[PDB]
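Quick notes on the structure that follows.
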Amino acid sequence: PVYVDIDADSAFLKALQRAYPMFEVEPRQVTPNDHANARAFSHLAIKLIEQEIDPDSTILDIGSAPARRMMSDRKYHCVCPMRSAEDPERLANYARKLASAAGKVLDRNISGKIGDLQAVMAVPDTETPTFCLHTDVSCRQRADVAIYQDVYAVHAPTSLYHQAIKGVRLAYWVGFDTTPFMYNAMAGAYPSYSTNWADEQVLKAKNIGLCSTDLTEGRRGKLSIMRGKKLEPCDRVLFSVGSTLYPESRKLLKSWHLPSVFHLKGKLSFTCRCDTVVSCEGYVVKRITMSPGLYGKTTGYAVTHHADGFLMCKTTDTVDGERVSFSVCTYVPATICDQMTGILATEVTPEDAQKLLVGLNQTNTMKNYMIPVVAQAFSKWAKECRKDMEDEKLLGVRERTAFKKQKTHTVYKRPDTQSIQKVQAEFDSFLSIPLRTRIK
Amino acid sequence: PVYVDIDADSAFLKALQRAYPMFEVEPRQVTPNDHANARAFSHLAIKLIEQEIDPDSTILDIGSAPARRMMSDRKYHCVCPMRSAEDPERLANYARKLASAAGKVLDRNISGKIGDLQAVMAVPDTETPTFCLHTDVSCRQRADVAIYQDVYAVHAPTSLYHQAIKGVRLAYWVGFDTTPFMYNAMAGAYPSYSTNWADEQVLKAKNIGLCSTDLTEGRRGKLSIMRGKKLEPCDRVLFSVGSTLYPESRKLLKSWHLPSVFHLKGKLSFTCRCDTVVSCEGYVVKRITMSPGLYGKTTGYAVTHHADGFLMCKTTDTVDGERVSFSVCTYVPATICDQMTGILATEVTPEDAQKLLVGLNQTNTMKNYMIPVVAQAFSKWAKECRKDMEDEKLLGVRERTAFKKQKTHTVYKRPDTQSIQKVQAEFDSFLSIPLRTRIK
Amino acid sequence: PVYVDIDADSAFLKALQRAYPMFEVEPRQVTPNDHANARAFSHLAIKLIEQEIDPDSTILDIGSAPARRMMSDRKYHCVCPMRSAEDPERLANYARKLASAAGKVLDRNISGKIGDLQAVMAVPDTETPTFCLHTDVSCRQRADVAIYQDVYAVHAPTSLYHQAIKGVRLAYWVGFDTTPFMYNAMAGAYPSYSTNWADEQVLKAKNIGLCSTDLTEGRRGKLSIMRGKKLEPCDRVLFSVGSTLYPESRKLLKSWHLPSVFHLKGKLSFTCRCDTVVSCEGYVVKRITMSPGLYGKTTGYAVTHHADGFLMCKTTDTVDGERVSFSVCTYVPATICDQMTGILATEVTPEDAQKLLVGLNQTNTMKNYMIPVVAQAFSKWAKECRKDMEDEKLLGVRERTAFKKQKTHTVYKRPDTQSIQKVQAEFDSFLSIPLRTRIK
Ligand SMILES: Nc1ncnc2c1ncn2[C@@H]1O[C@H](CSCC[C@H](N)C(=O)O)[C@@H](O)[C@H]1O
Ligand SMILES: Nc1ncnc2c1ncn2[C@@H]1O[C@H](CSCC[C@H](N)C(=O)O)[C@@H](O)[C@H]1O
Ligand SMILES: Nc1ncnc2c1ncn2[C@@H]1O[C@H](CSCC[C@H](N)C(=O)O)[C@@H](O)[C@H]1O
Ligand SMILES: [Zn+2]
Ligand SMILES: [Zn+2]
Ligand SMILES: [Zn+2]
């Protein structure tokens, strides 16, 4: 019986029961976290990780939070280099949790982490069997399973290779769904988990989940010195999970949309297969299985199965004040898309579409905070499907002179469709002094 | 009592009970697999195979996943050449499951596969009685029954001949229905099992089960250097089942719609009969019975019986941006097609057809993700029948000048019809070092 | 209590109870056969045969499937020449069934067929008392009763004469009803048993139970080199029962519509009477009683009694693309015809007729897959009856100038009418080496 922090009356519990049917979910609250769904899914994924793997295995935990995964009965190796401002707080939490259960729990080898902590505090470059300060590039101890607890700032191919050299059989990756990023979207929804992401340039917008603007009077004279004339996504993107803000890199995050099969040829060439074992409203658990040698041929395509609908809409917003049009992605629950099918056949206006949507939402299924844009996406999809209907062409014959590109303003992946996108598969090229006293 | 992965509340269970009436199906979930129906049907077909065949027989398992079919009480011989990227994972799973039940299950001859695995690891060219690295062309062990567990990249005539030489009495083949591919369609449906296939050229579409497009602005200038001017299917096709992507060859898969009776004349000439013993919403189980000698005369025709309706619709879509009209195939449940019969007699618009279809879907019978296409197919079939009504011709009199070819935009095979197409019947012409250590 | 394969909830069971009232039918499924009704009727007919005939008799079985009729307590003689591609697999099934019950069932004289099988395997030209490799023309052992288990490629007069010379008192024939073939139709229905037939030329149609076409664009230039300008039936016809495709010859199949009484004059002249003892939705059991000598005078006419209505409609279809009009035959249940009698009095359009048909079909009485055609037949029959009404002629006075033939486009035999058709009655003129090892 697994225990979950989410409130008992929350509907997301049911979704969790669908995401983890092999585990019995029991809700109870200890903290009123603004973001409880994400931690609940992470805990369930960790429990499934414990269940699936072989107990007689060494589990690498890259980007680890040592305090969380120390009460586990398995033998973990935490690899937490000091590359973020969050790391010192986690080291403090680990220190308190170690010197709060050292002599009161026996069957957890707590003295092992105690001695390893003393050793690493003494020598910063010592490879302890349960705690390592090195990076994934230069970690040392051989293991067989790797766990990525929501690590988003790392290059997937290089890290996978540098850990496959060490001998991992199979690595799991729990986190957010990468497809909205490989679609080149500006802002995101992840409505159930209350996590919204936005690009740096579109931060000062008005009508997205992640924005903040200021009221102005009738000045058409702000006269910016710098003129770009190209609103394209950039590398830096900011996530807001509950009340905590985290910066990610677009390239590093987008690199996690691994193909179904791929190869890593270097000094030692391995082959790998990646599949989604658990998916729930945006949170995914990928299973990249290591394999020595160079077997088979790779296609170069990545597949995503959308259990619930995906909606990439074209919305105008006042970014920094100026009206600009950009693409925003949204996740729509399966039932809402299911019931909004007959209506999505006519020439429907955004007003009528949004009225029907709120009437459909009754207890809420989807967050009402982001159904001015779902209605817009549905209206534009109806527009496109219609204009496609009475523009029926001829078999096997295009119209090339140079050929006409006609308008696509929204992408509506139905709650049972799958998306293939091309992704590269043939990967070829790959402490502080006061803190030492603070260790005690 | 057979045990099935699919959820208890899923309607597809009933279909399974219709597909396997001799077997009692009991539902329970161990994993939340995105694709559960396909594995369910595969397991049920394997249990049917165990029931039907003679226990005192040697069963060739070509393209085998040895881990799954090793717990069986029969004496299987797995043939798993390293021709796919998944094969290393299959060998790893076999190794773990062998060294996880070696000394705790007795009546399964586990030590046999243990010793045979050591033998093949030692000598890669040794034909062990339960495991081999060879290809179906060059396998050695004599047997009497062959099993094809969803093998899709192989030529049916050559493989059947090369195994019939070895002495198989009868070979079963469980897989997808090959009927849509001899119909020369671009995209596929298989709605119940959530498996959608698409051609190479139509991957970047908008309104099929398997597509992914990007929003673009008003640029009628993409100016492609290469101009084809012929939208015809090619050999490469991509399947997406659940979240896994599998590449298939159009010719190799199309070769599996074998005629009712056919002959294989070579050094030794055999005769064979192929029949569909199990069929459910697309999944089929063919029964090709070997027979030495040359008796009878072949018709050269292959029959598919459609328990549920088949729809070949002509849909426009913006592939890579450019709008073209291509053909998509769809499976419609028998109940929906049955209730939509009298309505399919009028001059019905796609709007009214889609509204009435979504009304008929109430709990869902068919997946609502693909009823803009079914409605269009029904409307066009009504159009064709209506035009066919008042164009009555004379007995035995054609109109040849060179004679008029008037248009069919959809093929609607009713849920009790049979479709025959001409297929060729007179078939005339026919490990790495680190993995070796990884075997332990 | 007869034991039947067809599903318990199916309506056809009721019809079966009407076809065999002397037998108690108990349903259950052992296989999910696509075609279960046909095998059900065949088994019921065989059991009726067992009850009717004298136990102290020798029963010839032409075109035998020895495996099926071996468990019977009576003494059969199977005559199964290698004249079809199905024969080898039937022999293999016979061999397995013989060497699967040789020493565990006693009161069936199994060792008899064992020894006779060894004898024929040794000498291919040996007339064993329970198995024979000769044809019906050149079979040897004298008997008194003959059975035709759905044998379809044989000339009825020649076979009947060559068996009556051997001394058969009476021969039964279980099969499909031959009236639609003597009516010169292109496509057939047999809706209850899900078996559809069609001529070679109309294979590539669109709107029959047996067709397969391909979508095309507006090319009115296919320019066939060969021009026939005549759409008439040919000898070759394709049957599709469930998922099984069988070829028949039109002349041989039409020869089975034997008259009520006929004579065979040769070296020995016999007299025979043919009658239908059991009829159900298309399946018939004829009972041809032999008699030595030349007694009585023959009328030369054959009568078929239609328990359920018969409909020959004139439908236009795109055969290979070209629109041509041909005749299709259909069986309509008695209840539907009875209820649609008042409506069949007015000028009714095909639209209204089909709407009332689907409304009458509610659970389904007749298969909805084929009620575009029944509606057209009913509408055109109503048109013919109407035009027949206000065109009253004078008593016994024709109008001959050469006399006017006016148009019949459908033949509607009511569910209590009988059809008389002229058929000729005065009939005047009439293994491999590896298989031998496979016998073991
Ligand atoms: N290249 C790299 N190799 C190993 N760890 C890295 C890394 N880059 C960043 N990290 C670490 O990964 C952590 C991500 S924060 C995530 C912490 C924890 N997995 C959780 O989900 O709660 C950071 O603390 C950072 O120190
Ligand atoms: N020509 C051939 N002869 C024998 N096996 C082949 C083959 N071509 C491909 N294969 C094997 O067939 C496998 C198909 S993947 C199918 C695995 C398993 N039957 C399942 O359904 O789960 C591949 O792993 C490949 O190694
Ligand atoms: N002229 C002939 N004389 C005797 N048998 C013949 C024949 N022509 C064909 N046959 C046999 O008749 C068989 C018809 S298939 C019918 C099999 C069985 N009676 C059943 O209904 O299931 C063929 O196998 C063929 O071998
Ligand atoms: Zn380390
Ligand atoms: Zn082998
Ligand atoms: Zn004989």
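We place every Cβ from the backbone using ideal geometry, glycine too, and count neighbours over all the protein chains shown. Quick note: the coordinates plus some simple rules give every number you see, no bench work behind them.
Tabulated data for the structure shown
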| quantity | calculated |
| --- | --- |
| For C:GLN418, inter-copy label distances in nm, listed shortest first [label point 7 Å out on the Cα-Cβ vector] | 3.2, 6.3 |
| Average projected area [Cα convex hull, the range A:251-388], square nanometres | 12.4 |
| At q = 0.05, 0.06, 0.09 Å⁻¹, base-10 log of I(q)/I(0) for the protein assembly as shown (Debye sum, equal scatterers on each alpha carbon) | -0.46, -0.64, -1.27 |
| Over 30 Å between alpha carbons, listed pairs C:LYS251/C:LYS407; B:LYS104/B:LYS440; A:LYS113/A:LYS254; B:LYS286/C:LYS75; B:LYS367/B:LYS422; B:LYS383/C:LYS422 | A:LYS113/A:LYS254; B:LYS286/C:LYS75; B:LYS367/B:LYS422; B:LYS383/C:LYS422 |
| Cα-projected label distance for A:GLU26 with B:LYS422, points at 7 Å along beta-carbon direction, nm | 7.0 |
| Cα centre as origin, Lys/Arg/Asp/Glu Cβ charges: chain C dipole, Debye | 1140 |
| Qualifying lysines (Cα of each under 17 Å from Cα of C:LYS404; at least 8 residues distant if same chain) | C:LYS387, C:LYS393 |
| Approximate spin-label separation C:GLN141-C:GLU127, in nm, with each point projected 7 Å along Cα-to-Cβ | 1.0 |
| Under-5 Å amide H pairs with B:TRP197, H placed in peptide plane, nonlocal only | B:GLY188, B:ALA189, B:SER240 |
| FRET E, pair A:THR216, A:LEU252, Förster distance 51 Å, beta-carbon r, rounded to 0.05 | 0.90 |
| For the range C:177-207 versus the range A:168-197, the gap between their alpha-carbon centres in whole angstrom | 57 |
| Label-to-label distance, nm, for residues given as B:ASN93 and A:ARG227 (7 Å Cα→Cβ offset) | 6.0 |
| Angstrom value of the Kirkwood radius, inverse mean 1/r, which spans all Cα pairs in the range A:12-128 | 16.2 |
| Value of D in µm² per second that Stokes-Einstein yields for the range A:204-318, Kirkwood Rh from Cα pairs, at 37 °C (0.692 mPa s) | 174 |
| Dipole of the range C:168-250, positive direction: furthest Cα of C:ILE225, C:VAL168, C:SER240, with charges on the beta-carbon | C:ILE225 |
| Rg to Rh, two decimals, where chain A supplies the alpha carbon set and Rh follows Kirkwood | 1.00 |
| Vicinal HN-Hα couplings computed from phi for the range B:282-291 (Karplus, 6.51 cos²θ - 1.76 cosθ + 1.60; Hz; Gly/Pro x) | x, 6, 10, 10, 8, 10, 8, 8, 5, 7 |
| Cα centroid separation, the range B:213-291 to the range C:357-400 (Å) | 45 |
| Within-13-Å neighbourhood charge of A:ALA11 [Cβ basis; K, R +1; D, E -1] | 0 |
| DSSP-loop GluC sites (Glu not before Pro) across the range A:1-65, with at most 13 other Cβ within 10 angstrom | A:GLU24 |
| Copies compared at C:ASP388 - label distances in nm, ascending, label defined 7 Å from Cα in the Cβ direction | 2.7, 5.2 |
| Total formal charge among the other residues, if their Cβ is under 13 angstrom from that of B:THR195, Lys/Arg +1 and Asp/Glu -1 | -4 |
| Relative pair counts by distance (%), Cα atoms of the range B:340-420, 5 Å bins | 3, 12, 19, 21, 17, 12, 7, 4, 3, 1, 0, 0 |
| Phi-based couplings in Hz for the range B:99-116 (Karplus 6.51, -1.76, 1.60; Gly and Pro marked x) | 8, 9, 9, 5, x, 10, 10, 9, 7, 9, 6, 5, 4, x, 5, 4, x, 5 |
| Net charge of Cβ neighbours under 12 Å - reference A:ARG250; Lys, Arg +1; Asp, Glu -1 | -2 |
| Nearest-first distances (nm) between copies at C:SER138, label 7 Å from Cα via Cβ | 4.8, 9.3 |
| Karplus-derived HN-Hα couplings along the range B:307-318 (A = 6.51, B = -1.76, C = 1.60, θ = phi - 60°), whole Hz, x at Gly and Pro | 5, 10, x, 10, 9, 9, 9, 10, 10, 7, 6, 8 |
| Chain C Cβ-axis minimum, rotational copy A, residue and distance in Å | C:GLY359, 34 |
| Interchain or long-range residues, amide H under 5 Å from C:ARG169's placed H | C:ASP144, C:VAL145 |
